[PDB]
Amino acid sequence: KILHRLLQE
Amino acid sequence: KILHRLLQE
Amino acid sequence: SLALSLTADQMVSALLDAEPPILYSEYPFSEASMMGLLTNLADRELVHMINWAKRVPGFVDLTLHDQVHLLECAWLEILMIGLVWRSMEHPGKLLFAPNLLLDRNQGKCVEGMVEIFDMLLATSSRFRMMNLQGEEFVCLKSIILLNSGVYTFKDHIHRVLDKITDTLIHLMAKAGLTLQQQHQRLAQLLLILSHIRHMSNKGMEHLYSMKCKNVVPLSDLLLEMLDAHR
Amino acid sequence: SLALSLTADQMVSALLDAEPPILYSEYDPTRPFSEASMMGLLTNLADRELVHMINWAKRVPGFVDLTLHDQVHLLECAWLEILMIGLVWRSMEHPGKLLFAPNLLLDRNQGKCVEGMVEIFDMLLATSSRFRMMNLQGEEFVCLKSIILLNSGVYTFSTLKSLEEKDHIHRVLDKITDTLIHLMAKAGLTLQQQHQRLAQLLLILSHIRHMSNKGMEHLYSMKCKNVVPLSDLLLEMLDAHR
Ligand SMILES: Oc1ccc(C(c2ccc(O)cc2)(C(F)(F)F)C(F)(F)F)cc1
Ligand SMILES: Oc1ccc(C(c2ccc(O)cc2)(C(F)(F)F)C(F)(F)F)cc1
């Protein structure tokens, strides 16, 4: 899930 | 419109 | 335009005074029976809403076309905030009418409904914990009427909107709030209007989908108000 | 908490510092366009802005203090509002035009070129016009943008404790409110004028919420049409709504 991933960086 | 009528009492 | 020459006291009193009455529902549920009751009630509330509107200081100084526009844009928002207001002292419950007080489980009887119930209940809880006052409530309801459709048309409406703002702070100074509590409360109240707009948008889609499913026929008035949104 | 401790001026500095960059599009004015292609260009652009937005959000005081779950929710709820207010801000000094990118400045006539998009463009234009008449300031705009991120999802978050997640957010919002007053007082506004402008600014957020909801319905609809293809992150953000 892309957003989840970007928020974790 | 019914609204028109109602607004003009 | 008389609205501008009124004092805060007078504005508040005019608004409290124009308040529409709390209507009763026709005296468990299915989808058809539920939507039947609610749409019957909503139709009656609309008639009283239109009359309340003409009693909002400044509203009647607009051309008929502008009155129609504002009401067409804000009608569901105004129904919803009223609903939330009178449900305030019934935590977990939505007081549609004194004889029709529903909870969330009753919201699952209509497809797509429980999601909207939840948002409504949330708003009610927020108002409750903010200890929203009736005088504040009527100011907010009035702001919704003049604001929701204004940027989609004006100085007259913003003058009046400013006046209502002045009236809200006034009410707060009275209750004994410090300057800092005043501008913090003002902001808190106005930000909830954003959520009310969101609930309206979701509600309008839901209503449109139920018209499409031909679950219950809608009144010509309700269909007319709905249609103004597409 | 670092956020609840900043001064008005430090708050403004922090937000101004965290501003994402203005991106370019693949627009080629040598090429005439179609409704669909112009929608491809805008979609590609929004997808790239989104990535910048997510990293911008991390830099908004208080945001990082929340659970990943809460962060995800706020962005899912606020993303299109944030793209939109950013768009109207940079279009502010171009009356009648939307500045999607420095190399892509559109008027409504060309937005009519796509389906049901013109209604949204006109709303966006109206907002910019409103910003213009209010003479909105840069420090005010950054305050508003962060209010949207924090506020839009705060009522739709819930067993007992997460209740304290909501209270932290409300404290941050209160600070941003204090910040806006500070600014207005500085610009030499009477008390009455500060209150009135504060209300004017916050009421605009209602219209932005309205535009977002309309845009979301238009996006979901593009998808169902399989004409304009959507990016993966964005199909994902869209889905978090319907
Ligand atoms: O106080 C009311 C009364 C009716 C409603 C309606 C409604 C209630 C819940 C919804 O999810 C959608 C519409 C209903 F369909 F029930 F009549 C409507 F009038 F807005 F359409 C909302 C608020
Ligand atoms: O920075 C922005 C802001 C809005 C947009 C729009 C958009 C958003 C997502 C898309 O896939 C296409 C357009 C939207 F509909 F959101 F407003 C548009 F204005 F370009 F239409 C694109 C980029």
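Residue 1 is the first one shown; counting continues down the chain.
For all residues, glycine too, the Cβ spot is worked out from N, Cα and C.
Swiss-Prot lists D:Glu49, D:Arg90, D:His218 with the feature 17beta-estradiol binding site. Annotated S-palmitoyl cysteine per Swiss-Prot: D:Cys143, in sequence order, evidence recorded as similarity to another entry.
Secondary structure at the residue listed as 'S-palmitoyl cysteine', as computed by DSSP, is helix. Across the break of 2 residues that separates D:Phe157 from D:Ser158, the C-alpha atoms are 7 angstrom from each other. When Cβ atoms from all protein chains are considered, those within 10 Å of D:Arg90 (17beta-estradiol binding site) total 16, not counting its own. For the recorded positions listed here (D:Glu49, D:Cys143, D:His218), the lowest count of other CB atoms within 10 A around the CB belongs to D:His218.
D:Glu49 (17beta-estradiol binding site) sits 19 Å from D:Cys143 (S-palmitoyl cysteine), counting Cα to Cα.
Counting only the Cα atoms, the space from D:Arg90 (17beta-estradiol binding site) to D:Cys143 (S-palmitoyl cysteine) is about 15 angstrom. Separating the Cα atoms of D:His218 (17beta-estradiol binding site) and D:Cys143 (S-palmitoyl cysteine) is a whole-number distance of 28 Å.
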